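J.: Residue numbers (the deposited numbering), protein chains in the order written: chain EF1, 194 to 331, 355 to 413; chain EF17, 194 to 331, 355 to 413; chain EF2, 194 to 331, 355 to 413; chain AB17, 18 to 54; chain AB1, 18 to 54; chain AB2, 18 to 54; chain AB16, 18 to 54; chain AB3, 18 to 54.
Every residue gets a Cβ at the ideal spot worked out from N, C-alpha and C, and that includes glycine.
One structure, pasted below without further comment.
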Amino acid sequence: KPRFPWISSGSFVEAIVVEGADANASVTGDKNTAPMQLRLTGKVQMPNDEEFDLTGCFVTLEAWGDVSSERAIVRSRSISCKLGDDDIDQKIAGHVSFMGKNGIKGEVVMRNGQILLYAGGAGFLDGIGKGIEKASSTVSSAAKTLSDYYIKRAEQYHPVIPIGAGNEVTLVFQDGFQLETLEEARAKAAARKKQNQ
Amino acid sequence: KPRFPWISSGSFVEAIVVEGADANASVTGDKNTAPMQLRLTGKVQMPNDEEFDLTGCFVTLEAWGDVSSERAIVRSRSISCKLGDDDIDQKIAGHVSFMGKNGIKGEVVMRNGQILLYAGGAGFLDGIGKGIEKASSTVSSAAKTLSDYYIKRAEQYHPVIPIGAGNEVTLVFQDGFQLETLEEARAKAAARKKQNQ
Amino acid sequence: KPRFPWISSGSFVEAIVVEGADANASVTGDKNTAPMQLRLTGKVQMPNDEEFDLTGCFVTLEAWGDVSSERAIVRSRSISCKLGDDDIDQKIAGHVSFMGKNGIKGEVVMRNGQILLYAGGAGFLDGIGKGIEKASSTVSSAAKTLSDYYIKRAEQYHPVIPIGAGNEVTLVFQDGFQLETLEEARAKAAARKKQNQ
Amino acid sequence: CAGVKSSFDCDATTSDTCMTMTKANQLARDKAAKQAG
Amino acid sequence: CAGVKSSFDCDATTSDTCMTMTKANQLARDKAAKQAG
Amino acid sequence: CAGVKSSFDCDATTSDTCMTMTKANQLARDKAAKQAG
Amino acid sequence: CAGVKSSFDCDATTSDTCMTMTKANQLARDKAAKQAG
Amino acid sequence: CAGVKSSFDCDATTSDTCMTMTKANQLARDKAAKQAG
Numbered sequence: 194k195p196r197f198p199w200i201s202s203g204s205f206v207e208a209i210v211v212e213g214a215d216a217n218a219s220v221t222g223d224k225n226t227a228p229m230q231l232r233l234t235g236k237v238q239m240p241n242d243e244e245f246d247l248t249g250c251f252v253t254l255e256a257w258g259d260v261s262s263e264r265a266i267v268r269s270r271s272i273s274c275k276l277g278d279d280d281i282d283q284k285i286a287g288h289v290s291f292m293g294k295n296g297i298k299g300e301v302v303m304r305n306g307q308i309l310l311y312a313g314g315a316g317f318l319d320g321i322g323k324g325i326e327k328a329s330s331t355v356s357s358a359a360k361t362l363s364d365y366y367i368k369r370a371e372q373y374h375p376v377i378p379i380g381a382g383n384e385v386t387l388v389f390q391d392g393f394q395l396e397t398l399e400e401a402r403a404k405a406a407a408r409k410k411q412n413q
Numbered sequence: 194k195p196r197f198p199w200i201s202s203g204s205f206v207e208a209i210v211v212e213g214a215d216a217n218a219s220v221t222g223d224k225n226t227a228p229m230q231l232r233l234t235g236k237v238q239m240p241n242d243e244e245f246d247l248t249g250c251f252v253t254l255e256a257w258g259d260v261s262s263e264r265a266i267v268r269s270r271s272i273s274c275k276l277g278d279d280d281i282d283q284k285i286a287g288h289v290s291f292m293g294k295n296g297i298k299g300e301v302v303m304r305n306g307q308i309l310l311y312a313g314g315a316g317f318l319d320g321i322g323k324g325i326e327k328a329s330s331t355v356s357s358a359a360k361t362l363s364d365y366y367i368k369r370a371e372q373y374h375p376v377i378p379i380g381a382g383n384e385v386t387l388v389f390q391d392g393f394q395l396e397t398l399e400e401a402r403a404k405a406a407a408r409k410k411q412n413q
Numbered sequence: 194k195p196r197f198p199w200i201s202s203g204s205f206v207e208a209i210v211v212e213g214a215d216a217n218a219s220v221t222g223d224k225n226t227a228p229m230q231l232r233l234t235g236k237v238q239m240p241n242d243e244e245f246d247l248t249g250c251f252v253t254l255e256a257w258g259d260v261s262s263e264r265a266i267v268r269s270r271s272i273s274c275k276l277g278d279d280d281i282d283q284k285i286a287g288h289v290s291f292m293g294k295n296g297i298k299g300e301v302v303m304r305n306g307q308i309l310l311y312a313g314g315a316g317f318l319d320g321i322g323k324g325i326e327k328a329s330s331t355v356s357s358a359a360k361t362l363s364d365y366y367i368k369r370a371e372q373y374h375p376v377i378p379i380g381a382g383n384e385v386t387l388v389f390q391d392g393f394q395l396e397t398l399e400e401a402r403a404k405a406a407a408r409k410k411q412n413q
Numbered sequence: 018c019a020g021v022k023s024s025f026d027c028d029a030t031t032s033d034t035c036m037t038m039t040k041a042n043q044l045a046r047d048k049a050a051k052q053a054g
Numbered sequence: 018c019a020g021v022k023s024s025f026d027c028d029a030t031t032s033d034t035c036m037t038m039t040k041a042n043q044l045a046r047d048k049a050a051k052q053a054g
Numbered sequence: 018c019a020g021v022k023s024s025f026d027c028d029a030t031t032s033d034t035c036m037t038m039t040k041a042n043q044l045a046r047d048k049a050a051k052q053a054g
Numbered sequence: 018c019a020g021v022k023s024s025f026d027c028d029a030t031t032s033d034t035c036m037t038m039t040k041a042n043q044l045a046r047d048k049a050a051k052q053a054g
Numbered sequence: 018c019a020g021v022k023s024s025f026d027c028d029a030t031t032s033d034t035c036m037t038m039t040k041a042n043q044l045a046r047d048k049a050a051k052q053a054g
């Protein structure tokens with residue numbers, strides 16, 4: 194048998210967030226992702242009460258945000274380990290759960306307050322201005361220009377969900393895979409390239 | 194006969210939700226799914242009072258939401274088991290029932306309240322503003361701009377159905393299939409690739 | 194074994210910002226980047242509590258800005274070292290973290306205040322002018361022209377996030393790679409070009 | 018209103034006790050044991 | 018308002034204590050040790 | 018306002034002391050020495 | 018109104034007692050036994 | 018105004034003393050000499 198077993202799909206391991214990020218919870222955030230790698234702190238827990246020790250390994254991820262569920266959806270990029278003189282660096286498909294639910298829970302922050310306040314006041318000035326220009330015997357232009365400018369500047373901001381670097385989460389290996397050292401990977405490659413016809 | 198019997202269609206097994214999610218009960222939610230894997234806690238119950246023990250196995254799923262029925266529609270992705278030195282990782286077609294009905298029952302949550310309240314107040318200010326600009330001898357612009365901005369920001373949110381990680385459900389194998397260990401799968405593959413003409 | 198080990202993905206090293214910049218936190222800033230190279234001040238910390246000493250090495254980067262998260266997103270360009278008579282100059286994929294979160298935290302600065310104030314006053318003059326032109330028996357043109365000019369001049373400015381040259385950050389090697397001296401690189405090249413068929 | 022029946026008859030829903038994934042796994046492990054007693 | 022439930026039931030969130038990456042690595046190292054005691 | 022949380026929780030930022038590039042290089046050199054003491 | 022008959026004549030409907038799938042299976046098992054007595 | 022911070026923190030700028038190109042070359046020559054003393 195090889196050094197490492199077959200990690201079954203749905204196996205989960207407790208971990209600690211080492212690098213956080215602001216998730217960019219915008220409609221276009223799924224393509225604009227940020228790295229939020231973490232570190233494995235417990236034994237991989239697998240089906241039928243069987244567990245493997247992959248502790249101290251680093252797992253690199255990328256995350257975006259969601260404002261409806263108010264959570265950071267995180268996609269696992271890779272896992273790396275340095276065990277003995279054995280180097281592991283493998284791309285894995287998985288995700289992150291926080292308190293038993295998909296994604297990590299955080300608040301939604303918007304830094305648009307000042308510009309939004311300015312736009313509001315600019316057109317409040319506009320409405321008073323119109324109700325002063327309304328005066329017939331039997355400020356509006358500047359307010360409108362400033363309102364347009366400030367609304368344009370405020371729509372640049374998008375909400376973000378900040379995730380710290382001290383939270384405990386769970387990494388889930390959604391698809392089953394085989395752990396492999398870089399040496400094992402090269403052995404598989406060179407043999408494949410040999411084409412023993 | 195092989196190690197495992199033929200699991201007949203419609204066979205169901207009691208299970209416990211291990212990982213939950215917010216289901217994204219939007220009109221586009223059927224394509225934006227979330228992982229909500231669970232764990233088998235009882236004997237597969239099959240037709241004619243026959244039962245098989247597949248306990249501790251992990252079942253990975255993906256779920257979306259429905260606001261009319263107010264339920265999380267869950268699609269089974271895979272099942273994995275670690276029995277003896279035998280590894281099982283198989284894609285299965287099935288679904289999840291809660292209290293005898295298709296899908297899991299939960300509430301519908303919307304985090305749009307504050308932005309919707311702001312839009313409302315912005316145009317209430319607009320209507321008073323129009324009924325002040327109405328004054329002839331025998355705030356409206358700012359309110360309109362803020363209303364447009366806040367309505368645009370509020371339409372970003374979509375409702376979600378949160379499912380916890382401590383509920384008992386039932387997994388239904390809608391299509392009959394054969395359980396297979398990874399070893400059995402490789403034996404079937406290599407033999408097929410051999411092409412014994 | 195070669196001189197240098199395999200730096201696993203997700204490995205991070207403490208560093209000091211040597212050259213800062215203003216990040217150009219505009220919607221088009223991702224293509225208009227600025228150099229913000231730094232210097233490594235600690236041991237590369239790698240998976241499973243293993244560490245390598247690459248101190249005094251220079252890391253050249255390029256950075257843009259983000260106003261939603263209010264941070265400078267920095268992309269690693271290259272790493273260079275002068276160890277013994279050995280020269281290292283390698284392109285690396287990585288990023289920078291500040292206090293455990295992706296990117297470097299700074300304020301957002303806008304030098305548009307004076308021109309924005311001028312536009313405002315120009316059209317305030319316009320509104321009074323309209324409410325003076327409103328006078329029937331039973355300045356507006358100049359203000360409008362100046363408002364147009366000053367709004368056009370003010371939209372030229374975009375916000376920036378200034379990063380100083382005395383802050384401590386962390387460099388993360390997102391993708392695993394092999395350190396190589398220029399001599400080793402040439403040895404690999406000449407051998408490849410030889411094409412030992 | 019809606020003009021049809023407004024509510025269901027089950028009057029039953031799931032819960033959310035912030036249970037961790039490991040806690041849920043342990044709870045499921047203990048459930049099955051009692052059932053297979 | 019929104020017309021549906023406004024809040025979640027978990028009432029739980031993460032934190033942000035300005036923890037450095039090295040501090041987080043050390044904290045994770047110490048956690049695992051106690052767990053594998 | 019914005020209708021969501023207005024501020025972060027870290028309350029931490031970098032600085033700008035007009036430090037020259039050579040001064041920054043020297044500061045980094047001295048930092049590493051103390052750390053590797 | 019609608020202008021045709023408004024109601025059916027059966028006046029019969031199903032029920033929903035939050036019965037679990039296992040409970041329903043057991044109920045069906047017991048029904049058939051009595052019928053085949 | 019602008020609605021964000023209006024000023025930088027360095028508060029430092031270059032100068033313009035109408036220095037001729039030859040004067041600048043001589044100044045640079047003299048600087049380096051003192052530094053390499």
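1) For the candidate residues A214 (chain EF2), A256 (chain EF2), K236 (chain EF2), whose alpha-carbon lies nearest to that of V289 (chain EF2)?
2) Quick check on the DSSP output: the beta strand (DSSP E) that includes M38 (chain AB1) runs from which residue to which?
3) CA-CA distance, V206 (chain EF17) and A358 (chain EF17)?
4) Helix, strand or coil, according to DSSP, for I377 (chain EF17) in the structure here?
5) With 16 other CB atoms within 10 Å as the buried threshold, where does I266 (chain EF1) fall?
6) Output, in sequence order along the chain, the residues in the segment 303-325 of chain EF1 whose CB is closer than 7 angstroms to any CB in chain AB3.
7) So with Cβ pairs under 9 angstroms, would you call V301 (chain EF1) a contact of chain AB2?
8) Please report how far the alpha carbon of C35 (chain AB16) lies from the alpha carbon of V385 (chain EF17), in whole angstroms.
9) By a C-beta neighbour count over all protein chains shown, 10 Å radius and 16 as the cutoff for buried, is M229 (chain EF17) buried or exposed?
10) Could you check whether the Cβ of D28 (chain AB3) sits closer than 9 angstroms to any Cβ belonging to chain EF2?
11) My understanding is that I272 (chain EF1) touches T397 (chain EF1), with C-beta atoms under 8 angstroms, so please give their C-beta distance in whole angstroms.
12) Among the residues of its own chain, which have a CB less than 6 angstroms from the CB of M239 (chain EF17), if the five just before and after it don't count?
13) Do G316 (chain EF2) and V355 (chain EF1) have their C-beta atoms within less than 9 angstroms of each other?
14) Check whether the Cβ of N241 (chain EF1) sits closer than 8 angstroms to any heavy atom of the ligand NAP, and report yes or no.
15) Tell me which residue opens and which closes the beta strand (DSSP E) that residue 420 (chain EF17) is part of.
16) Check the Cβ of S32 (chain AB1) against every Cβ in chain EF1 and list those closer than 9 angstroms, keeping chain order.
17) Tell me whether the beta-carbon of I297 (chain EF17) lies closer than 9 angstroms to the beta-carbon of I379 (chain EF17).
18) Identify each residue in the segment 250-280 of chain EF1 for which the Cβ-Cβ distance to at least one residue of chain EF17 is less than 9 angstroms, and report them in chain order.
19) Any beta carbon of chain EF17 sitting closer than 9 angstroms to that of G54 (chain AB2)?
20) Quick one: what does DSSP say residue 334 (chain EF2) is sitting in, helix, strand or coil?
21) Considering only the alpha carbon of each residue, which of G293 (chain EF2), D259 (chain EF2), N241 (chain EF2) lies closest to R46 (chain AB1)?
22) Can you confirm whether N241 (chain EF17), when its beta carbon is compared against all beta carbons of chain EF1, has any partner nearer than 9 angstroms?
23) Between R196 (chain EF17), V220 (chain EF17), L254 (chain EF17), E326 (chain EF17), which lies nearest to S261 (chain EF17) when the distance is taken from Cα to Cα?
24) Does the beta-carbon of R196 (chain EF2) have 16 or more other beta-carbons within 10 angstroms, so that it is buried, or is it exposed?
25) For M292 (chain EF2), count neighbouring C-beta atoms within 10 Å of its own C-beta (all shown protein chains included) and say buried if the count is 16 or more, exposed if not.
26) Would you mind sorting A407 (chain EF2) into buried or exposed? The rule is 16 or more other CB atoms within 10 Å of its CB.
27) How many angstroms separate the CA atom of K323 (chain EF17) from the CA atom of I321 (chain EF1)?
28) Looking at the C-beta of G296 (chain EF1), does it have a partner C-beta in chain AB17 at a distance below 9 angstroms?
29) Which residues bound the beta strand (DSSP E) around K284 (chain EF2)?
30) Can you look up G324 (chain EF17) in the DSSP assignment and give me helix, strand or coil?
31) Could you pull out every unbroken beta strand (DSSP E) segment of at least 3 residues lying fully inside the segment 196-238 of chain EF2, listed in chain order?
32) So, does the CB of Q390 (chain EF1) fall closer than 9 angstroms to a CB anywhere in chain AB17?
33) Looking at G277 (chain EF17): is its Cβ nearer than 9 angstroms to the Cβ of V388 (chain EF17)?
34) Would you tell me roughly how many angstroms separate the C-alpha atoms of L233 (chain EF17) and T31 (chain AB17), rounded to the nearest one?
35) Using a Cβ-Cβ cut-off of 6 angstroms (strictly less than) and excluding sequence neighbours within five positions of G235 (chain EF2), which residues of its own chain qualify?
T.: Once the coordinates are examined:
1) Along the third sequence, read from residue 1 onward, the residue named residue 289 (chain EF2) stands at position 96. Per the Cα distances, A256 (chain EF2).
2) Position 21 of the fifth sequence, counted from the start, is the residue given in the question as residue 38 (chain AB1). Where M38 (chain AB1) is concerned, there is no enclosing beta strand (DSSP E), although the alpha helix (DSSP H) it sits in stretches over 38-52.
3) For the purposes of this step, residue 206 (chain EF17) is taken as residue 13 along the second sequence, with counting starting at 1. For the purposes of this step, residue 358 (chain EF17) is taken as residue 142 along the second sequence, with counting starting at 1. Cα-Cα distance, rounded: 59 angstroms.
4) Taking the second sequence and counting its residues from 1, one reaches residue 377 (chain EF17) at position 161. Coil, per DSSP.
5) Numbered from 1 along the first sequence, position 73 holds the residue referred to as residue 266 (chain EF1). The residue in question, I266 (chain EF1), is buried, as its Cβ has 16 or more Cβ neighbours within 10 Å.
6) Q307, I308, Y311
7) Taking the first residue of the first sequence as position 1, residue 301 (chain EF1) is located at position 108. Output row for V301 (chain EF1): interface = yes.
8) As a working note, residue 35 (chain AB16) is residue 18 in the seventh sequence. As a working note, residue 385 (chain EF17) is residue 169 in the second sequence. So the alpha carbons of these two residues sit roughly 13 angstroms apart.
9) Here residue 229 (chain EF17) corresponds to residue number 36 of the second sequence, with the count starting at 1. So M229 (chain EF17) counts as buried.
10) For the purposes of this step, residue 28 (chain AB3) is taken as the residue at position 11 of the eighth sequence. It does not; no Cβ of chain EF2 falls within 9 angstroms.
11) Numbered from its first residue, the first sequence carries residue 272 (chain EF1) at position 79. Numbered from its first residue, the first sequence carries residue 397 (chain EF1) at position 181. With a Cβ gap of about 12 angstroms, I272 (chain EF1) and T397 (chain EF1) do not count as contacting.
12) Counted from its first residue, the second sequence places residue 239 (chain EF17) at position 46. Hits under 6 angstroms: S201, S204.
13) Along the third sequence, one-based indexing puts residue 316 (chain EF2) at 123. Along the first sequence, one-based indexing puts residue 355 (chain EF1) at 139. Cβ atoms of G316 (chain EF2) and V355 (chain EF1): closer than 9 angstroms.
14) Summarising the ligand content, the structure contains no ligands, and the ligand NAP is consequently not present.
15) For residue 420 (chain EF17) there is no data in the structure shown, the boundaries of chain EF17 being 194 and 413.
16) Working through the fifth sequence from its first residue, we reach residue 32 (chain AB1) at position 15. By Cβ distance, chain EF1 contributes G380, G382, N383.
17) Taking the first residue of the second sequence as position 1, residue 297 (chain EF17) is located at position 104. Taking the first residue of the second sequence as position 1, residue 379 (chain EF17) is located at position 163. In contact: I297 (chain EF17) and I379 (chain EF17) (Cβ atoms closer than 9 angstroms).
18) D259, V260, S261, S262, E263, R264, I266
19) The residue given as residue 54 (chain AB2) occupies position 37 in the sixth sequence. Judged by the 9 angstroms Cβ criterion, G54 (chain AB2) is not in contact with chain EF17.
20) Missing from the coordinates is residue 334 (chain EF2); the shown part of chain EF2 jumps over it, going from 331 to 355.
21) Here the question's residue 46 (chain AB1) lines up with position 29 in the fifth sequence. Considering only alpha carbons, the answer is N241 (chain EF2).
22) By 1-based counting over the second sequence, the position of residue 241 (chain EF17) is 48. Chain EF1 contact via Cβ: absent.
23) To locate residue 261 (chain EF17), count along the second sequence from 1; it is residue 68. Cα-wise, what sits closest to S261 (chain EF17) is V220 (chain EF17).
24) Residue mapping note: residue 196 (chain EF2) aligns to position 3 of the third sequence, counting from 1. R196 (chain EF2) comes out exposed.
25) Mapped onto the third sequence, residue 292 (chain EF2) falls at position 99. Buried, since its Cβ has 16 or more Cβ neighbours within 10 Å.
26) The sequence position of residue 407 (chain EF2) within the third sequence is 191, counting from 1. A407 (chain EF2) should be labelled exposed.
27) Stepping through the second sequence from its first residue, residue 323 (chain EF17) is reached at position 130. Stepping through the first sequence from its first residue, residue 321 (chain EF1) is reached at position 128. Rounded to whole angstroms, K323 (chain EF17) to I321 (chain EF1) spans 11 angstroms at the Cα level.
28) Position 103 of the first sequence holds residue 296 (chain EF1). So no, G296 (chain EF1) is outside the interface.
29) As a working mapping, residue 284 (chain EF2) is identified with position 91 in the third sequence. Run containing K284 (chain EF2): 279-284, per the beta strand (DSSP E) assignment.
30) For the purposes of this step, residue 324 (chain EF17) is taken as the residue at position 131 of the second sequence. Of the three classes helix, strand and coil, the one that applies to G324 (chain EF17) here is helix, per DSSP.
31) 204-210, 231-233
32) Position 174 of the first sequence, counted from the first residue, corresponds to residue 390 (chain EF1). No, no contact with chain AB17.
33) Numbered from 1 along the second sequence, position 84 holds the residue referred to as residue 277 (chain EF17). Numbered from 1 along the second sequence, position 172 holds the residue referred to as residue 388 (chain EF17). No, they are not a contact pair.
34) As a first step, residue 233 (chain EF17) is located in the second sequence; it is residue number 40 there, counting from the start. As a first step, residue 31 (chain AB17) is located in the fourth sequence; it is residue number 14 there, counting from the start. So the two alpha carbons sit approximately 18 angstroms from each other.
35) Residue numbering aside, residue 235 (chain EF2) sits at position 42 when the third sequence is read from its first letter. Same-chain partners within the cutoff: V206, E207.
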